[PDB]
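Both blocks below hold the same protein chain, though in two forms, and each is given as structure tokens: structure 1 and structure 2.
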Structure 1
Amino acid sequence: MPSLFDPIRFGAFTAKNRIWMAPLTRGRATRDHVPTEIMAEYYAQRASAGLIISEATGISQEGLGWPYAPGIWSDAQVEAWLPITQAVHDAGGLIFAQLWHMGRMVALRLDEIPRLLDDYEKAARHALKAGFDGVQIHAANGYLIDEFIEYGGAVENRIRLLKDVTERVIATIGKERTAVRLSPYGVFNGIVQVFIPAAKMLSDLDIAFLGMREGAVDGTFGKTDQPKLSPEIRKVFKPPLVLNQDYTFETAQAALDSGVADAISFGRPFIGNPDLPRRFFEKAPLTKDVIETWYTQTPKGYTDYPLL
């Protein structure tokens, strides 16, 4: 039923459309992970997105340590984020902070889980102080789900750390500000058994929305057929479901038309097309992104892509 251009209620909010910006690590923060003024201009240029999900933002001092990627553990970081959220809000948009913790697959000790929960609580509270609208927790096979550490065996235990993290964040900022991204096919580029229960569990926690990264495409040469995870996620997950990966305008609208997705997030297209929604609306050609400058440290290939 809905158009990509229709508003959408989620959490405490109404996004102005269902063309959202996916989280994108860009490396324009300082070496010691402090946000910079240039990031404010970049996010504001893209505030026509119904919701911006920030770049991965570290929750603990040592455990990032991608330099030039931001964190949110410190007061200096909270202060440096304020210009960015303020610029998005001055442009009428919305912005969630993606909180990042690096996990290992089958490293973290049982005795560090309480510190981890505390780090997430604190990052979520700092995100509010920084003026973000909410936060997105990222989970994937290495990461809160089947993380290398009672956290094994029954599905319940395999998703336990994710549940505990999500409950702590909700206790801190409210379920209406708390979202999750599931990446069942991996993070950077068995499943059914665990991601469908992860999604039912999150639904029962009544989080604001779920992001799921799953190839738009059905039919790939040399690949044997497996059914999509998304229609199964849609059955157990009641709040809004936002799909991601390789969507075009046409396949995005098709997903809304089918009922499986309420909104779609676009990553790479927002790198070179800050006004993606308007290009889609006008059927304008897209500007090609320059892969070379995805993770460099300057405005070039960052804030110098023109608006229509």
Structure 2
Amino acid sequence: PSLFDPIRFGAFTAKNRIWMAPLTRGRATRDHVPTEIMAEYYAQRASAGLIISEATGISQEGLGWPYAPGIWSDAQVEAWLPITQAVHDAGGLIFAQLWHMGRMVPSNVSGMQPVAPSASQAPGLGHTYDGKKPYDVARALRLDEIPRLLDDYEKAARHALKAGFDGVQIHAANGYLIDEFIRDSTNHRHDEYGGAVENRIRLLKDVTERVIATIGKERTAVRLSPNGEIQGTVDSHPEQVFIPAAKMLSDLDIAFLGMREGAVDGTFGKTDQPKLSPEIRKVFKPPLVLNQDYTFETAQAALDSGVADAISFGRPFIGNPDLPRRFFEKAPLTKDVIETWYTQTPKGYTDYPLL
């Protein structure tokens, strides 16, 4: 397959195999309501086969990123309409990334204590509405709270359809809530959601089954990050836990699995925990979309091997609205301005020229 060849996935055909990775940009409101400028931003990049949205909070409890959007309220759904409309006018497809940040939710943002599989304090400093602050002490989510959490995911997934998204991708990477349950450095639970591999993927499983029951498998995607430590989340033997995860996901027949894979020389994830896509390819039958550090040449190499069906691009899409065109034209890629990744205005957001 050619990077430029269409791909069938779920209920859809993407126009190409050059996809937009989920990118948190912070151009929504303090109260996590999307804004008009986000529509232009996404429209510019509609040549992406699929745009995966920036991470979108499923509830205030799960949303701790300042000026990131949520999707739990009616006013949020309404504000998303112009964004999805724009994408579909430009002929493109967009999935919503559904986001529970777990232990990484700053109380300055959510207003409450963050929840996690297990009690702990995330290392580091979180972005807030008054500067960086260190993270709070999370509480271990009670077994009797999992029914609620699932309803939070259900509401969010239906709200995504109302907002005009083609479907959802469940954020289960990068050290946020689901990924904390999966990995043995963060999951120290004694009940049916911790200890054994099947217990550790149990939240992933039930949240996936609840989304599938709400909006159909053909609109339901998952993100994982099985290799390399991130935000104090790592597993001691990731092959033991992520391969069974990938097989459980494949049996549900989700629309695609996206994964960000760290590398020894990785620039958004550095690690010698090796990449598990080769082993995950063998158990995961639906489309497998690989990410992190791909060039045009390495992305097509991955397609040529069959290990990837598509590749998402992150920072390249930030400064290169029309990446696919720049690829085939052999046009230099504009470099993204790191300082403006997460500021609040149009500068370094919608002001990168197209070709």
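Take the two forms, find the largest set of C-alpha atoms that superpose within 1.5 Å, and that set is the rigid core. Residue indices: 1-based, along structure 1.
Which one moved? Candidates are 204, 75, 218, 90, criterion is a Cα shift of 2 Å or more between the two structures after superposing on the core.
By this measure, the answer is 218.
Could you check whether the CA atom of residue 227 moves 2 Å or more between the two structures, using the rigid core for the fit?
Yes: residue 227 shifts by at least 2 Å between the two structures.
Taking the rigid core as reference, does residue 141 move its C-alpha 2 Å or further between the two structures?
Residue 141: C-alpha displaced by 2 Å or more between the two structures.
Any chance you could measure the C-alpha shift of residue 61 between the two structures with the core superposed, in Å?
On core superposition, this C-alpha lies 2.0 Å from its counterpart.
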